[PDB]
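Okay, here we've got a single chain as structure tokens, the form deposited in one PDB entry, with questions on binding and movement later.
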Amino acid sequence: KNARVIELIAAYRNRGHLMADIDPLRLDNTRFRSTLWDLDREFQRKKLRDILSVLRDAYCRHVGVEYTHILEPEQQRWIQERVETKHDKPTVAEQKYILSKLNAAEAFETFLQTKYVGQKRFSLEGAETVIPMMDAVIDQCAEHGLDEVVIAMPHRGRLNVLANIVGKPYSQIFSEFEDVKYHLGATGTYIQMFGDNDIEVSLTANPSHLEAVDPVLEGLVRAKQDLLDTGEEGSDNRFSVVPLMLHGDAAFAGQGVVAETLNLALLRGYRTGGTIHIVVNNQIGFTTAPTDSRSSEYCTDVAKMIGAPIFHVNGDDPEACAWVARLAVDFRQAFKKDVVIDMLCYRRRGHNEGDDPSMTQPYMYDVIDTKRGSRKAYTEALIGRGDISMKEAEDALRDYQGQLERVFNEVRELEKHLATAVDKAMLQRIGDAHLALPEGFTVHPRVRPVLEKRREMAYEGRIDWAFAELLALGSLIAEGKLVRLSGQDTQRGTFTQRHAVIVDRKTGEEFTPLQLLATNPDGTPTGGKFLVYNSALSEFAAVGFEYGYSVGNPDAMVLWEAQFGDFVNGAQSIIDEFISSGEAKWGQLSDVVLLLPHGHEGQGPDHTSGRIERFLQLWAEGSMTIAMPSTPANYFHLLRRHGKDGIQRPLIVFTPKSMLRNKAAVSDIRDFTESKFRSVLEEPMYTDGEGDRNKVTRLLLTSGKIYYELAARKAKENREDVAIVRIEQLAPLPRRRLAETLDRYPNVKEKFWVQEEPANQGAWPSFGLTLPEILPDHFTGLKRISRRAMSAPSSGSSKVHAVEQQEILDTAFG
């Protein structure tokens, strides 16, 4: 008998959610339809009837709890202790407060659909309970003494969230009201009703691409946490900035970025101490039914990927919704892990102004047509339960009418109205840091020569690309800058060149040489820090995270590195919707750096190109800086200029692979100490040697590693009639420097743009059209030397690659 009871307890805890009354529409009738002497028997010693009543109340009323999939027993125990108790009914005051939030939420919706045209698509009607729910989340975060709640959400109810959650005045929200308002960021202050705390509340900008903002929000919150010295990189472990992420049911189940972002939730490089997720589950996706949208019971099942607790709650019960919101915040604070709230509700209107939703979902909309709103339902229920008197209900309807008038009236009143050069001692310090190992640290035998070579380079020169990068980042840290660098295998470097983190051969302990530069020789901190991580195997979420990190902390140097530039197309949505366009669309600024290894080396179409042509196509005046440096010193100056220029603008860098180890691609100490970034470079024989520019009749214009091959062919054949000029900064085109450089070769009769990439790729598609237009006296007659146009970045054969490369060199010198 006691064995059947234990199995019955487990059955309610595991599967009671399959029988909970969570759907306000009750669309599926089969949901519910599909001994007595044992009830008074005692089984802590409690009667079976009391055990069963606690289980039905906790798991089979208006909240479906999914938590037995959680692997941590202490988390399962924490939930079952809070859920399996006799809960004290809310005070009438708390019920009246929740009703006032529904009053404000519904008053906003009535106004939005009555005053303006084309607002049906944004309607929160049938889902208004999300407002007292969000209110409870933020109020509970303030109760925990947290610093800020950052929200990311799509368009549904966004202006309602601005007014009733962020607390933006109507004068600001409806100022010159057309749709861009549905994409902009916002900031406000939430002041507790029944408490004495306040908390900052912000909303991040986003495109119409559903869920694409998810990893952006995480990076933004992480940057804010790092600044407050809270969380993973902080002294305190309160993670005092809370991500509050809203979603729609169809998008949450279908978009891959959701799983990529959930995958970041506990990573040392990306954790934000747990995100509070709210899915506005109106059980429809435009005209699409959930059966065509997902292959699982709930739209939230993806959250089981990280063992997150899931609460399915009935949107027509705002008390249960507010209670679950507060429980979610307490779980997040206790375990620093994500909590998912699935609010079952409905979409009162069609998807947009034209849509009659009974055309495609007649059964659902015949049931929706019998529904009174959550506010009228909650007021009527409170009257029935004997919770409020007829007078108190009339006062509630008066408060609703007052809110409605206030928004109409207020909107009516609104209608009436630099050097980057460092001293040599900085280079020496960064070099010495590579040999300043912790006491008893055991360096891997193959890493030790790298550390010694770096000390040698810092004092004697011949500085390679990999060290030049760390000299730039280390000098920024010494000057007080926060530097965050990440990507796939970025700590060591894909080409075993970086070693930003070195690993103890015996203990596995990590040592970060550049972190020593965060402390001055006197011992005081510089205010700077080096944060370097290996990312998860993701492009979409990792790029979105780094973009959001730079938005969150504009003073940080933020770099994301692709394993090979060819994989960055996995993050195309972030490049198109945020990086390249966020500034022009929303006035949102980012200084994020994307490092994209690029170059034709015969390793195939997925290990050759960062798609220079695509980034040049996205570019417009002042949107991004695009570069392909050919020397370590120039890369050093490019990064230091980027971090010190006081301009928040993304930087795209096409970085080398084999050129990392090209013995000709090295720089002198004086290039770091007495020079600056050069958008255009000339051959050293003309700037520092005995070369004669006046002998040149053929000018080769190029970018990147092909320069060294062209220079080696020029040297082999003693071709004084040919000069090679490098365009280091591809965008904005350095018009003036390019004009000035070309003027010093007066006997040029022919000019060629030379590139490794196919004719429909690389810089030619844009340069071939732009250069003869911006500089007609220099580039009229400009011809191309490249690989033939191809549907792939390169051939799949290393043999075909070598022949094509030799054809380019032979044509250039033909």
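Numbers follow the displayed sequence, beginning with 1. Note that the rigid core is defined as the largest set of C-alphas that superpose within 1.5 Å between two forms.
The same protein also exists as the form deposited in another entry; that form is not shown, yet it is the one meant from here on.
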For the core superposition between the shown form and the other one, please identify the residue among 311, 400, 298, 270 whose CA shift reaches 2 Å or more. 400
Tell me whether residue 119 is among the residues that move between the shown form and the other one (Cα shift of 2 angstroms or more, core superposed). yes
With a threshold of 2 Å on the C-alpha, tell me if residue 663 counts as moved between the shown form and the other one once the core is superposed. no
For a quick test of reading the superposition: does residue 143 move by 2 Å or more at the CA between the shown form and the other one, rigid core aligned? no
